Amino acid sequence: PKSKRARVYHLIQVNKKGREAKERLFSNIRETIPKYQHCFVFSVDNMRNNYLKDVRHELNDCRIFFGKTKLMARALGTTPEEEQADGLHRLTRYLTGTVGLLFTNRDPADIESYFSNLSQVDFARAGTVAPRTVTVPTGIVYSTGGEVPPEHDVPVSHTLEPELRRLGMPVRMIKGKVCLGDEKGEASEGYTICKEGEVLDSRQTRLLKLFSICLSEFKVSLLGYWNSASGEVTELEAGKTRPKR
Amino acid sequence: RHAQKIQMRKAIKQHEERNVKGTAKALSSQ
Amino acid sequence: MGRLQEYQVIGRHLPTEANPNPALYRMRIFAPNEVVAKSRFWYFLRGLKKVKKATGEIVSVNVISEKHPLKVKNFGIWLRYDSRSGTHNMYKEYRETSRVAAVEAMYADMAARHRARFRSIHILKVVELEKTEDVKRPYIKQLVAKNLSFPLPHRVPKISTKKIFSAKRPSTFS
Amino acid sequence: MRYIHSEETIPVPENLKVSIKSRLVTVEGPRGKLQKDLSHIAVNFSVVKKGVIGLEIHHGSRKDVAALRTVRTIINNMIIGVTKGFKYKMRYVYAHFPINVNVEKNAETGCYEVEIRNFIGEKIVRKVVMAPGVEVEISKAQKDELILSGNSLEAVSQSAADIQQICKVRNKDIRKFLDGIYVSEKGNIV
RNA sequence: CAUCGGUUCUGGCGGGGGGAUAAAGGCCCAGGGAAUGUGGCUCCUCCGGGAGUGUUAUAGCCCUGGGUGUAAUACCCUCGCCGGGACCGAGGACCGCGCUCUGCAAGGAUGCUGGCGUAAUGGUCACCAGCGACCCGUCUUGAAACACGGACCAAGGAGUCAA
RNA sequence: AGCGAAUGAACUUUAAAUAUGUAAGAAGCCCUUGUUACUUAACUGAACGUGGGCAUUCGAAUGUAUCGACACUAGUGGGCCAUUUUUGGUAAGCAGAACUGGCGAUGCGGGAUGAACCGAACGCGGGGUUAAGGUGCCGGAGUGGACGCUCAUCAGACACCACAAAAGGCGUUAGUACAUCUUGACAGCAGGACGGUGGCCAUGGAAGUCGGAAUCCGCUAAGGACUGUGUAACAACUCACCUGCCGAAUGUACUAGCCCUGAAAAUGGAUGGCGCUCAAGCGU
RNA sequence: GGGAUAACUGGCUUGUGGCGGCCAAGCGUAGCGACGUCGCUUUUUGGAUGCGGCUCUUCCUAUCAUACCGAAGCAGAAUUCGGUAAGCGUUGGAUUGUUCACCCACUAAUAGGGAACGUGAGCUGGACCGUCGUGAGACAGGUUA
RNA sequence: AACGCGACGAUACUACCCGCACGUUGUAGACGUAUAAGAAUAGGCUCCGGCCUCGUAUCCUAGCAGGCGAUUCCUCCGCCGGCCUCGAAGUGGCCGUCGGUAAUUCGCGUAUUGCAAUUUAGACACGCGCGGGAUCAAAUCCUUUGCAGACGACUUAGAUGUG
């Protein structure tokens, strides 16, 4: 009845895709399966995954899928009777959560070497344990939060001032400059954003992203793969300790 | 509020149409 | 309304030389008594076909009673009621022991919720839901919920209305 | 539509003790003792497991079940207050006149009095009395800041709002005069 | 107070008929069906309570035909029999209709008994109480409203006589 | 109704509702032949008569507290309101005809009150039962029963006419249609929201967001030559869209009840009053 | 000269114009149609009015001031709009037959109304006939509320 | 509040208080006029066993309108004293004395009011009587005053004194 919230009808140019997009996903996976010899299942547990585009550009000659997990599972087939190819159903069993497919015409050892040598620094992300203590210096705060030398740094922005306050540093606006305490220092002590060995909240993660300080590492973890010629799936170390479907 | 809701409904309908899609003054002036 | 019973009426146009042995129309209705049953049958037949009271007769009127008035049934009533805007359809559900009780409750509920009266309500089809999965309304769903047990909190005691004064403050627990 | 049964559940920590009378709720723990009357809402309190309390409404309406969501969060707020407590960090800023804040506790009535002086040059002293059970301090961790902590979230929040309202600017430009005492951080002591 | 007549109000009891010769329901008989699944087994953060396979099993239920049965009952309509109360008693030899005919509840109340036999019943004035209740006449109008006359009492006071 | 009958309100086999005129027997119809100054080619027609026919259901029902004719005599010549039908008109009012009904000259019960409403007409009494209307006493009779709805910062208690609508409610209940959901719906939280590209023109400067026009491609899970915040420009945030967690029903527009608003002045007062909230309000 | 009509408003009044086109939910199966927008009034350079006026009582709020709020380039000062509020106060000059407008002055400001067809209480500043003319009227002619 | 109330002083007469003889005295109306927890109602009570819809409960209730006498009973009731208690518009308990008293049973009387006729029977209030204690007053008028005043009214003063 009445006493209900009214959601805004957005003046936008893109709308929700839904079933016909799920259908393109089905068609693309089913047309991709026969074209390649090996299918890898990889996992990206707690990473921002904005480096997947560079991974794609590097493996331009490989077809990588990262969609909704249940849709990918059912496109691959969940039962031995609805499989497109033999055993893609038990590869669906490795396909459990924040995972992706990788169809290749290449050698499993070369794929594993690439994704074992590939590693890039990324922002903390919520839930990760802090590997360090990051505290801002007392005084005028800069755009890096006292990580690069201050003499080679630019002050943080007055439009990030109110956002920085809502994230929780007692910082003030003196003469157009954001400073913690007083401009000449003294005043107050520093603000320790994160402590060693402590689960980081989204507040702290947003603080770290605003200060452009990276604490986490992006690494794709290959859970397993499947060769079509033998019709056989091989487990690479990861799935013995990662929960399965 | 009647005028405002009529305006909002017209704006919503016009936006839906345009998102789906991919003289008397002259005589009087003379 | 009142006390009702099922009344099944067959009536036919009066025989003539042109069309002997007429169609013998029949329908089942709800009336407090047989006179009202026949009047409603003739009104409905005038509304549907081109047969009138004067040019017709009542072949039979019988009371349909329930097959099993002792077992709890769920009834779906599809009805049409005319309000100030026009004619509107409703499907409503009632948990009773008889189609008579279902229709009684339906008249009462329509009067209470929409101020629709007897000549403003038309009974189009009353059915007994043969099994669950045929109930669509949350109240009868919660009535047919498994292992249904509930207390009766704040039960006002039934004191005689001539007992003006009491010596103890009454309790509302049992 | 007269729902036959609607149930809610509140879990309890190991180190707390909840004693609930007809509709009085009393909670004890490491931090202290909090009591509240809920006699204005119809509810049956129950135990379903070792460490969870249950709240139910029979033959109720959506208003009744909505009360059951409020009754839970209020009791949950009391449990959190007795386990970890509540704390409000407030900051006072000024442009030309330093705001002088004096916090003391009187032996009589056992309350905390906060006195504000020199709010944009006013000669009037502004005295605010705290609700009982509230501790107010000027912490030497940051300058121009105050910490108001306690057991009851309602009392702590109402006290913070009381200081914020008493330091209000009148007949001036809101965009120009930026002086006052404002709630900056909200959280728990532990 | 008892026995009666007239009118009337209000309780109980005994049958009859009808209806789908109620519908149901109990109880046997046969045939199907299913779930808000009667036991078991598997799993299950085990005082406990749940998910899965599992249809009469250590509960039952639904539908259909048959019997018992011309069952019971409700409901509608009917034929009677008892109880309590109220108000009334008109007429004054016989005739008449009758019946249950030594007689009678049959064309209208008699029998028995008590207190008092006087303000006791009853009636009239004054007041109280409950309810009810615009100040009369004239005039106009469809009607009101208005207007007119009315300080009180006594006597007089207005369709008569002749052609 | 049909046009699988023809033809096309002006079509019809048939035929509604609704009021309405005439007639329903001895106070009769005919048939038959005598007259006539009428008439006809004519005992031929018309009128005046004879005979017959049914006296019993003699020519439907129902009522019938009698009807008709003559003579004489008194008071009367106004209208008002309303239903239905009907003509005209206005912004709305309203005006005019016809029928019937209430008032006169009419008392009584009810509607608190009252020309125009509902019931019912009248000698004086006793008893019984009802109408309209009522049963929280005032006030005789129910704080009767069954199912629901409603909380009003002067509700409502029969006014439904006005204000007044395609009106305003994030009040509440019932319903209709359409759409999405274990191929994970609504809401949320943690993340992505990228590249050609500081896309073309203009401006001192304008990079998606002071302006004009087009408004594409790739990667795709998806991302607008961008929905807002922000910079002098950047930058940065955010939205759109997408993924992971959660887990089962949601959510858009209409409809129907009751409720709030939909306009108010001036001595202090009115559902009759007190007062009434699972009512002493509304519907059956 | 005759006839009808013979007072009249009484949940009346108040802030947002009318005409035509487009659009338009319903209804309806063409006709009706709200809100908006466009065209006319309407744009490219900054006197009207033809019964009035004083003292006192009371009421309304449709609030001028005083009190408190929300918004505004609201720096301060002075303000503007709007909300709750009637407790408390609430004018004078010039001109005109009078009134308002405009203007001029103090003042915190110097608001608008009701006392119910007699607009609080008190006070002040004609129609009928007759004669004679008819292209218009006259009468110290008569009668009368 | 001149028809709301409280505290206190003095109260001559009258009879102020006390006991009964009562009243042909009044009463919107005796006839067992019997009964104190508080508080909640989505809870409570308790003797701590348990109990709670239910005041259709508890107390009291026999005797010539309630006589007289016994076996037996220490239970109930009332009046006076003492100690305390109750003030929202004022009472109850404990002790004591004194009087009455079916928990059981029995005896001697009831008649005749004549077949019903309010079973005149309670309380408070008021009034006449005795015999016991006690008390022994004011106001108004008059004169005067002027803190007052239309007239009334009001503040004052007249008994041996600061008159």
# chains A, B, ... in the order shown; residues from 1 in each chain; ligands from 1
$ select_by_dssp --residues "chain B" --states "helix (DSSP H, G or I)" --output "list in words"
residues 2, 3, 4, 5, 6, 7, 8, 9, 10, 11, 12, 13, 14, 15, 16, 17, 18, 19, 20, 24, 25, 26, 27, 28 and 29 of chain B
$ residues_around --residues "residue 144 of chain G" --least-positions-apart "5" --cutoff "12 Å" --atoms "only C-alpha atoms (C1' of nucleotides)" --output "PyMOL selection string"
chain G and resi 126-129
$ closest_atom_pairs --of "chain F" --to "chain B" --cutoff "12 Å" --atoms "only C-alpha atoms (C1' of nucleotides)" --output "CSV"
residue,atom,partner,partner_atom,distance
F:165,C1',B:2,CA,10.6
F:166,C1',B:2,CA,10.1
F:167,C1',B:2,CA,7.2
F:168,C1',B:1,CA,6.9
F:169,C1',B:1,CA,11.7
F:214,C1',B:22,CA,11.7
F:215,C1',B:22,CA,9.4
F:216,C1',B:22,CA,12.0
F:224,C1',B:19,CA,11.0
F:253,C1',B:9,CA,11.9
$ residues_around --residues "segment 159-175 of chain A" --least-positions-apart "5" --cutoff "10 Å" --atoms "only C-alpha atoms (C1' of nucleotides)" --output "PDB file with C-alpha atoms (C1' of nucleotides), in the first residue's frame"
ATOM      1  CA  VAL A 136      49.983  10.676   8.230  1.00  0.00           C
ATOM      2  CA  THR A 138      51.141  15.901  11.916  1.00  0.00           C
ATOM      3  CA  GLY A 139      50.942  19.238  10.138  1.00  0.00           C
ATOM      4  CA  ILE A 140      50.149  20.057   6.522  1.00  0.00           C
ATOM      5  CA  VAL A 141      49.002  16.898   4.749  1.00  0.00           C
ATOM      6  CA  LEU A 180      46.108  18.013  10.473  1.00  0.00           C
ATOM      7  CA  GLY A 181      46.371  20.173  13.581  1.00  0.00           C
ATOM      8  CA  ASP A 182      48.388  23.261  12.661  1.00  0.00           C
ATOM      9  CA  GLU A 183      50.205  24.303   9.503  1.00  0.00           C
ATOM     10  CA  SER A 188      48.181  17.290  17.496  1.00  0.00           C
ATOM     11  CA  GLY A 190      49.506  11.943  13.718  1.00  0.00           C
ATOM     12  CA  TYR A 191      46.653   9.755  12.527  1.00  0.00           C
ATOM     13  CA  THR A 192      47.472   6.066  12.115  1.00  0.00           C
ATOM     14  CA  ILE A 193      45.187   4.940   9.284  1.00  0.00           C
ATOM     15  CA  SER A 202      36.307  -0.003   3.767  1.00  0.00           C
ATOM     16  CA  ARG A 203      36.850   3.376   5.439  1.00  0.00           C
ATOM     17  CA  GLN A 204      40.578   2.678   5.722  1.00  0.00           C
ATOM     18  CA  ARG A 206      39.078   4.430   0.794  1.00  0.00           C
ATOM     19  CA  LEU A 207      41.556   6.519   2.785  1.00  0.00           C
ATOM     20  CA  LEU A 210      42.635   8.637  -1.741  1.00  0.00           C
TER      21      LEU A 210
ATOM     22  CA  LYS D  89      34.125  12.801  19.368  1.00  0.00           C
ATOM     23  CA  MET D  90      33.175  16.440  18.783  1.00  0.00           C
ATOM     24  CA  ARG D  91      35.330  19.319  17.535  1.00  0.00           C
ATOM     25  CA  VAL D  93      36.468  25.498  15.539  1.00  0.00           C
ATOM     26  CA  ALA D  95      38.177  32.079  13.296  1.00  0.00           C
ATOM     27  CA  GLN D 142      44.006  16.343  19.182  1.00  0.00           C
ATOM     28  CA  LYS D 143      43.459  20.007  19.925  1.00  0.00           C
ATOM     29  CA  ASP D 144      40.057  21.717  20.010  1.00  0.00           C
ATOM     30  CA  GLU D 145      38.244  18.407  20.477  1.00  0.00           C
ATOM     31  CA  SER D 184      32.895  14.546  14.218  1.00  0.00           C
ATOM     32  CA  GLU D 185      33.174  10.824  14.966  1.00  0.00           C
ATOM     33  CA  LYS D 186      30.672   8.245  16.216  1.00  0.00           C
TER      34      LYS D 186
ATOM     35  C1'   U F 229      29.621  17.202  -6.881  1.00  0.00           C
ATOM     36  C1'   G F 230      34.359  19.534  -7.841  1.00  0.00           C
ATOM     37  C1'   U F 231      39.130  22.434 -10.412  1.00  0.00           C
ATOM     38  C1'   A F 236      39.337  13.522  -7.612  1.00  0.00           C
ATOM     39  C1'   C F 237      34.502  11.634  -6.123  1.00  0.00           C
TER      40        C F 237
END
$ residues_around --residues "segment 85-97 of chain G" --least-positions-apart "3" --cutoff "10 Å" --atoms "only C-alpha atoms (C1' of nucleotides)" --output "PDB file with C-alpha atoms (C1' of nucleotides), in the first residue's frame"
ATOM      1  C1'   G G  50     -19.579  61.935  -8.209  1.00  0.00           C
ATOM      2  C1'   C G  60     -11.718  38.175  13.952  1.00  0.00           C
ATOM      3  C1'   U G  61      -6.853  37.517  11.579  1.00  0.00           C
ATOM      4  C1'   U G  63      -0.018  40.660  11.041  1.00  0.00           C
ATOM      5  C1'   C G  64       2.036  47.198  10.288  1.00  0.00           C
ATOM      6  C1'   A G  65       5.287  46.964  14.935  1.00  0.00           C
ATOM      7  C1'   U G  66       7.205  44.216  19.062  1.00  0.00           C
ATOM      8  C1'   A G  67       8.692  37.985  20.052  1.00  0.00           C
ATOM      9  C1'   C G  68      10.667  33.438  17.816  1.00  0.00           C
ATOM     10  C1'   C G 103       3.742  63.049  -2.166  1.00  0.00           C
ATOM     11  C1'   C G 104       5.226  65.194   2.488  1.00  0.00           C
ATOM     12  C1'   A G 105       6.285  64.165   8.244  1.00  0.00           C
ATOM     13  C1'   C G 106       6.999  62.079  13.157  1.00  0.00           C
ATOM     14  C1'   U G 107       6.779  57.308  15.323  1.00  0.00           C
ATOM     15  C1'   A G 108       8.743  50.655  17.418  1.00  0.00           C
ATOM     16  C1'   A G 109       5.125  50.888  13.785  1.00  0.00           C
ATOM     17  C1'   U G 110       1.891  54.614  13.157  1.00  0.00           C
ATOM     18  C1'   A G 111      -2.412  46.905   9.488  1.00  0.00           C
TER      19        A G 111
END
$ residues_around --residues "segment 2-18 of chain G" --least-positions-apart "5" --cutoff "10 Å" --atoms "only C-alpha atoms (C1' of nucleotides)" --output "list in words"
residues 162, 163, 263 and 264 of chain F; 62 and 117 of chain G
$ residues_around --residues "residue 107 of chain H" --least-positions-apart "4" --cutoff "12 Å" --atoms "only C-alpha atoms (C1' of nucleotides)" --output "PyMOL selection string"
chain H and resi 68-70
$ select_by_dssp --residues "chain C" --states "strand (DSSP E or B)" --output "number ranges by chain"
C: 5-13, 25-31, 56-64, 73-83, 86-96, 121-128
$ residues_around --residues "residue 165 of chain D" --least-positions-apart "3" --cutoff "12 Å" --atoms "only C-alpha atoms (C1' of nucleotides)" --output "PyMOL selection string"
chain D and resi 126+128+158-162+168-170+180-183
$ interface_residues --of "chain C" --to "chain F" --cutoff "7 Å" --atoms "only C-alpha atoms (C1' of nucleotides)" --output "NGL selection string"
:C and (1 or 90 or 105 or 108-109 or 111-115)
$ interface_residues --of "chain C" --to "chain H" --cutoff "8 Å" --atoms "only C-alpha atoms (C1' of nucleotides)" --output "number ranges by chain"
C: 153-154, 157, 166-168, 171-174
$ closest_atom_pairs --of "chain E" --to "chain D" --cutoff "12 Å" --atoms "only C-alpha atoms (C1' of nucleotides)" --output "tab-separated table"
residue	atom	partner	partner_atom	distance
E:47	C1'	D:50	CA	10.4
E:48	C1'	D:49	CA	9.6
E:49	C1'	D:49	CA	11.3
$ interface_residues --of "chain D" --to "chain G" --cutoff "10 Å" --atoms "only C-alpha atoms (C1' of nucleotides)" --output "compact mmCIF listing (two decimals) with C-alpha atoms, in the first residue's frame"
# COMPACT_ATOMS: atom_id res chain seq x y z
CA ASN D 171 21.36 36.66 12.96
CA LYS D 172 24.57 36.06 11.01
CA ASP D 173 25.63 34.59 7.68
CA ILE D 174 25.72 30.79 7.75
CA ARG D 175 28.13 30.73 4.79
CA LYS D 176 30.54 33.18 6.47
CA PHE D 177 30.64 32.42 10.22
$ interface_residues --of "chain D" --to "chain F" --cutoff "12 Å" --atoms "only C-alpha atoms (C1' of nucleotides)" --output "PyMOL selection string"
chain D and resi 1-2+61-63
$ write_last_selection --atoms "N, CA and C atoms" --output "PDB file, in the first residue's frame"
ATOM      1  N   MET D   1      -3.563  -7.303   7.856  1.00  0.00           N
ATOM      2  CA  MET D   1      -4.198  -8.505   7.336  1.00  0.00           C
ATOM      3  C   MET D   1      -4.254  -9.529   8.479  1.00  0.00           C
ATOM      4  N   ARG D   2      -3.783  -9.101   9.652  1.00  0.00           N
ATOM      5  CA  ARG D   2      -3.791  -9.908  10.875  1.00  0.00           C
ATOM      6  C   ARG D   2      -2.943 -11.174  10.706  1.00  0.00           C
ATOM      7  N   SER D  61      -0.541  -6.510  13.137  1.00  0.00           N
ATOM      8  CA  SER D  61      -0.520  -5.834  11.852  1.00  0.00           C
ATOM      9  C   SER D  61       0.917  -5.462  11.484  1.00  0.00           C
ATOM     10  N   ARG D  62       1.074  -4.819  10.326  1.00  0.00           N
ATOM     11  CA  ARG D  62       2.395  -4.372   9.909  1.00  0.00           C
ATOM     12  C   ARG D  62       2.961  -3.338  10.872  1.00  0.00           C
ATOM     13  N   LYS D  63       2.102  -2.503  11.460  1.00  0.00           N
ATOM     14  CA  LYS D  63       2.564  -1.602  12.508  1.00  0.00           C
ATOM     15  C   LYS D  63       3.114  -2.381  13.694  1.00  0.00           C
TER      16      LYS D  63
END
$ closest_residue --among "F:217, F:92, F:190, F:108" --to "residue 45 of chain A" --atoms "only C-alpha atoms (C1' of nucleotides)"
F:190
$ interface_residues --of "chain E" --to "chain C" --cutoff "7 Å" --atoms "only C-alpha atoms (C1' of nucleotides)" --output "MDAnalysis selection string"
chainID E and resid 23:24 36
$ atom_distance --atom1 "atom CA of residue 148 of chain D" --atom2 "atom CA of residue 136 of chain D"
4.5 Å
$ interface_residues --of "chain C" --to "chain D" --cutoff "10 Å" --atoms "only C-alpha atoms" --output "list in words"
residues 138, 139, 142, 143, 148, 149, 150, 151, 152 and 153 of chain C
